[PDB]
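These notes are about the structure you will find just below.
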DNA sequence: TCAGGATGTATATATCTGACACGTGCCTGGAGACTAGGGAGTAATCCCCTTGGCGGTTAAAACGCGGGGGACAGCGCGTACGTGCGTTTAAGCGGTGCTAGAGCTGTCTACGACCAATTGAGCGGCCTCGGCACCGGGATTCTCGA
DNA sequence: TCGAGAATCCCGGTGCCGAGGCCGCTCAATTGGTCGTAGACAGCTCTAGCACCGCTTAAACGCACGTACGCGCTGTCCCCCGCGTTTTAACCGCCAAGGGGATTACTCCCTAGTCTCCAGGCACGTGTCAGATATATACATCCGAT
Ligand SMILES: Nc1ncnc2c1ncn2[C@@H]1O[C@H](COP(=O)(O)OP(=O)(O)O)[C@@H](O)[C@H]1O
């Protein structure tokens, strides 16, 4: 019997034993299933990969390799659905994306 | 060896045994105290008596003996701190308390 | 011929012009323009669409086929519009 | 553990600071009565979130308002802040 | 000449009559058909308890009343008395909805 | 000299592009300690508590001014006033 | 109050002693042991005219029930004069017994004008209203005139009596005469609940036919005749075991030849006769076209279809009737008036054949259906064959219902067919000028078909009447037809 | 068929505040839903407040802090007074 | 002293999305706080979704309905797809 | 319409610094093996929702019209923020103690969990009688004119 | 500048149906008694917060212009209000079926515990290159006129 982790059985990068322990000891329900920590691991994979992919594009746009919280700010509030999810949270050291009202600037 | 309800040891009306069972089975924490259901029963006593006393005065205003959802609406939102508690909740069959903007009525 | 159901005034138009008129009188407004009505039908359709999507999600989870009142209460509470009276 | 009781307390939030803070918002032509009003509404906000943060501090029987207490005050206040643990 | 009122007297009298009242205000059977039409799209052939339709109607009524009250504040800010589409969309652009 | 209205748009383009923390740290320190003296006496603070509190209040007030700018341009002007900065936090759900 | 209760119980036991089966085995056993130890065949000319000898036969049955102080049911056939027998019984309490009131009759709204014509045509000395009008005008018809007590007979509707239950509790009634009484076939109807709240001396009842579906209908008609006798729901169904549906030994129905006869008087067509001609009836078992054979599988076996399956017996009823009611079986826009329409309904294929055989004979037909949407298909098909017609239906009008009948009963009317629905137009209309009458489908009420069959088969019919029922082979309708066939021998073999 | 509710207790509190005023049925349902709401807010907040200190049980100090934290201003003072009064009278017996 | 921080998993996902892009520690802290926020939302909603049905265990269908109910619109469909793909690969092997 | 400064953008040498990797200890994830409960899944009972039609009643809705008060461009004018420039001044960085208290371990009990008898409060079912809704009618009163 | 006239509130009367009482039962509270084990308190350590002080220089402030935007005022249409008259759709009743959602109730399999080894990842030291200042090259854009 050689121990094989079940982050590898489902083929994920996020841990499944950690999210299972944390979901148990955070007294959500009285019993947990077997498929629930695998399912949560998968959706956290998808969300992290999606927001980080948009931040990577926005970092490469300003000719920078290493990413900044400003780039996370632009990738969050420059999309639409991911803006709708995180619409109420602020972000540290993020700033505001540029817009000026239309009838304010001269013509 | 004869029973005494611990709703009566505190001198309350709300049931301490029921709120203890409900706070246990509603999986809020892994262990529950002894003074915690007593404290909750007391604050529910006070809040219910307060909203219902203002409701009784507002029902006595309109020459009524039985109270109505209209009277609970006028009891809540004509108050200040109780309006601050219940600001985000609508009430069925309530209606709006009367106001007309001041620069809208003729003169 | 006229043998078809295509000739009918559609269903959002049941919210009549005097109904929104009364509904704004309760809000306390004196004089109403003529372009409130179509935009208000748009606003109501948006609001109901979100609430009824959440309600049908709560029903379809529990393997029923009929929407209860507690269902609508849970949807409106989750969205942040908690409704007393039916719980 | 000393006290250098220095006056002129709240309006150390100066008007060039508040004007920069409005230029980030996208405004163009600021009146002269914005200033005392904005100091008032900032004080209201800061009152509420510090009241809750010091309640969370006092509950765990400590003397230092940590960062996590302020994150929790903002969390239940309505507006979450990422970046500072938790 | 017959007896007419000035334009605006009937409006204030209506405002008093509906703010004093507590009835349910947009009608029942057209709202029934609207809910069935709006939820045919999400899944076919559901059924509705009638108390669920009453709950949904009371919630939309309360929401739409509060929206018109906010629109009236914004219109009276613009130094008018008529409400328009401009402020009925400002009053929920400023809310967090658009 | 410049026309009145050019330097303002240059400052808009500057302060919306940067991300630095914008009001000065030591008067904000004294404001927080002055306003928290009232609830409990003689507390401590971490540095990151004051930084978190400053960053939150700054973002709050920036979003408030953006909404006030919309509410000012609604009345067909370009100048914000007390009237619309209290209309905005009336209509938000705060007043 | 027990003065007539003695006269009622003793007159129950004045006949064959099957009445003792439940009265002994029932407060209503108290007065039993107190008592257990114990004409006019001249056509009387107080009416303005004559009385037929069979009409005299019915009127004498009424004063039989009157003197013995019990109620009844007058369930004869229309055209025989149920009204004239009723009016002459009222003049018996004006020219013989001379009891000047009060009187209350209730009828459907379509017949109310025909009553007050018929009152003064035979007893002109009667003071009687027709209580019409709105909430304004009914107040003068109550306060100024009904409260003035200057009346004899009040003629109300089924639905004004619901709005006006409060000003009619003030008057204690000598008679309540309910006409066309299929409304009280339910015991839990809103109208029957109002009726028991009144006060009466006598309670008459005139309907066309008794029960259509269950035995449970008929006793509720008799419960609101004389509630002192039954007042019981368990004790009538279980004593009879619901129409002898288990053995058909037909010895429990001997008891119906003992119970119903002190309260019922139903007479056959063979009296005069009415149409002076017997009629026939055929069943035309037709198949299914290949398109609607798919749609029968598109619903059950869940196969283009995209159908909602809410009411099974109603969705499949459209498939058995005509495929193009499902609005997706139609070919797409632009819509063509074409012969492939009739190709996918096997009934229309026969109907195309059937109208050609009768165009030569000139036999003008009346067509019935349970759905107005399927008349809309025949609305276009008669144009596509260039056939003149008219369409009386629900939601047309009331004034339109006068004219198009007078078109079709006009001499030398060039209208080939004439369209109607079943439960709509049974309002005493005359369509005897047509000779044949066909149907389209079955019905859960066999008497609703059977009352509709006498649209042309009444007084004034001179040609032979044929009925053709389009029945779909091995489908939903052959279940419904046999269930309708089952209920027809039921009230036939009870009465006849 | 068995359903539990805070009905009779609200009626008792009504009759020891107003000796003659009655309550309707709709208002009884609306106040039953109210006390369910306030109970769920306070207990759910004390849950995460006890979680923030790595402390397993929930005790009277947690309800103390949560009612101080959840309901505003001058109302918290009287609620704290009522709760501590009930707890002292409970532990005295 | 032991502190669990989600950092290395975020770095692995970064190294298989953009194989050459790095991340600063402030951004790593901010995304740590992001996954804790989203995790607590989904788990806390699935808990009360299981409480409404009088069911004791929390299961895959609860997380299914919670992640459908919670994160908006078009973003829910791909998340459901990733979740079902992972669960079927887990039970099959 | 074209020259004139003060702005924003490649542009290349040139430091600090903090992210990325490498190498070590130890904490929990897991394999597994037995048990017990929870929830699935058939299987009766009954009662509120659904379709496609009839009938009647009756307030709402739809439409139309005259007209009048509001929205809305122009227009003048008068303070009042914007811009810039000297002149203070206090924030910011950079050391340097100094100690309050955050945090961690060690015992060791008070106190919730858990269990089985036991038995009184609360929940469905019944009746029943005034509180409220409604209807003329009458007095008052608010809005429209001289 | 006070009369006409319609709207609203305040008087009686009926009547009806839901809110308050009582009755029976039954099943969650309540008592009494073990029993493990969170948290309470005491004690030690070391770390991050607090108070200084000095030096430099961005930054605030107070002054002067000066033009441009806010605001009152003026006609001028013109769109929404108020009332009168058709007209139609809600709103009840009714038909005639049937069907999905709640209660026992019973028997598998899923998950939680429990002991046991090993490896994952977290902290802690080294030891390098992407970002930033800086800083002098050339670079694109509003501003009196014409
Ligand atoms: N002896 C008679 N002579 C002439 N007409 C008669 C006679 N008896 C009955 N009628 C006719 O019969 C009609 C009564 O119709 P009736 O069958 O009572 O209708 P329903 O069945 O709808 O009550 C009257 O209009 C009357 O003219």
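Side notes on the structure shown:
- Single residue of segment I:22-39 satisfying the filter (more than 13 Å from the chain's Cα centre (by Cα) and surrounded by 20 or more Cβ atoms within 10 Å (Cβ to Cβ)) that is nearest to DNA strand K (Cβ to nearest atom): I:23
- When residues in segment E:34-89 are screened for being over 13 Å from the mean Cα position of the chain (by Cα) and within 14 Å of DNA strand K (Cβ to nearest atom), 28 of them pass.
- Identity of the residue in segment A:22-31, outside any helix (DSSP H, G or I) and either in contact with a helix residue (DSSP H, G or I) (Cβ under 6 Å, 6 or more places away or on another chain) or within 18 Å of residue I:5 (Cα to Cα) (or both), that ends up farthest from the other protein chains (Cβ to nearest Cβ): A:26
- Looking at G:99, G:155, G:184, G:130, just one residue is closer than 29 Å to residue G:64 by Cα, touching a strand residue (DSSP E or B) at 6+ places or on another chain (Cβ under 8 Å) and more than 16 Å from DNA strand K (Cβ to nearest atom), and that residue is G:155.
- Residues that are more than 16 Å from DNA strand J (Cβ to nearest atom), in a loop (DSSP other than H, G, I, E, B), away from every other protein chain (no Cβ under 14 Å) and closer than 22 Å to residue G:92 by Cβ occur at least once in segment G:211-234.
- Residue in segment G:327-348 that is within 16 Å of DNA strand K (Cβ to nearest atom) and over 30 Å from the mean Cα position of the chain (by Cα) present: no
- Per the conditions (1) within 16 Å of DNA strand K (Cβ to nearest atom); (2) buried (at least 18 other Cβ atoms within 10 Å of the Cβ), the sole criterion not satisfied by residue B:82 is (1).
- Whichever residue in segment G:45-58 is buried (at least 16 other Cβ atoms within 10 Å of the Cβ) and farther than 14 Å from residue G:91 by Cα and, among such residues, is farthest from the ligand (Cβ to nearest atom): G:58
- Looking only at segment G:174-183, and only at residues there that are away from the ligand (no atom under 16 Å from the Cβ) and surrounded by 19 or more Cβ atoms within 10 Å (Cβ to Cβ), the one that is farthest from residue G:125 (Cα to Cα): G:176
- Flag if residue I:83 is at positive phi and facing chain A (nearest Cβ under 8 Å): no
- Flag if residue F:17 is within 13 Å of DNA strand J (Cβ to nearest atom) and closer than 24 Å to residue A:101 by Cα: yes
- Index of the failed condition, residue A:87 passing every other in (1) within 21 Å of residue F:59 (Cβ to Cβ); (2) assigned to a loop (DSSP other than H, G, I, E, B); (3) touching a helix residue (DSSP H, G or I) at 6+ places or on another chain (Cβ under 7 Å): (3)
- For segment G:405-442, a residue qualifies if it is part of a strand (DSSP E or B) and under 24 Å from the mean Cα position of the chain (by Cα), and the qualifying residues are G:418, G:419, G:436, G:437, G:438.
- Exactly one residue out of C:31, C:21, C:81 is within 26 Å of residue E:20 (Cα to Cα), away from DNA strand K (no atom under 13 Å from the Cβ) and touching a strand residue (DSSP E or B) at 6+ places or on another chain (Cβ under 9 Å), and it is C:81.
- Within segment G:388-401, not a single residue is more than 24 Å from the chain's Cα centre (by Cα) and either over 29 Å from residue G:343 (Cβ atoms) or not in a loop (DSSP other than H, G, I, E, B) (or both).
- If the condition is being facing chain D (nearest Cβ under 7 Å) and part of a loop (DSSP other than H, G, I, E, B), then segment F:1-33 contributes F:16, F:22, F:23, F:24.
- Residues of segment G:59-89 satisfying the condition of being touching a strand residue (DSSP E or B) at 6+ places or on another chain (Cβ under 8 Å), under 30 Å from residue G:6 (Cβ atoms) and within 11 Å of the ligand (Cβ to nearest atom): G:74, G:75, G:85, G:86
- Any hit, segment H:48-64, residues being more than 13 Å from DNA strand J (Cβ to nearest atom), within 24 Å of residue A:26 (Cβ to Cβ) and in contact with a strand residue (DSSP E or B) (Cβ under 9 Å, 6 or more places away or on another chain): yes
- Among the candidates G:277, G:264, the residue that is more than 24 Å from residue G:482 (Cβ to Cβ) and in the same structural domain as residue G:73 (by TED's automatic domain parsing) is uniquely G:264.
- Some residue of segment I:63-76 being more than 13 Å from the chain's Cα centre (by Cα), within 23 Å of residue A:89 (Cα to Cα) and more than 8 Å from chain A (Cβ to nearest Cβ): yes
- A Cβ distance below 6 Å, combined with a sequence gap of six or more or placement on separate chains, defines the contacts here; from segment G:207-222, residues that are within 13 Å of DNA strand K (Cβ to nearest atom) reach residues that are part of a helix (DSSP H, G or I) in the pairs G:209/G:447; G:210/G:218; G:211/G:217; G:211/G:218; G:212/G:447; G:217/G:185; G:221/G:184.
- In segment A:9-21, the residues that are more than 7 Å from every other protein chain (Cβ to nearest Cβ) form Cβ pairs under 6 Å with partners that are near DNA strand K (Cβ under 9 Å from one of its atoms), at six or more places apart or across chains, as follows: A:16/A:7.
All of this is worked out from the model, or read from it or from the source named; no laboratory read-out is quoted. Heads up, the Cβs are rebuilt from the backbone with ideal geometry, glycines too, and the neighbour counts pull from every protein chain shown.
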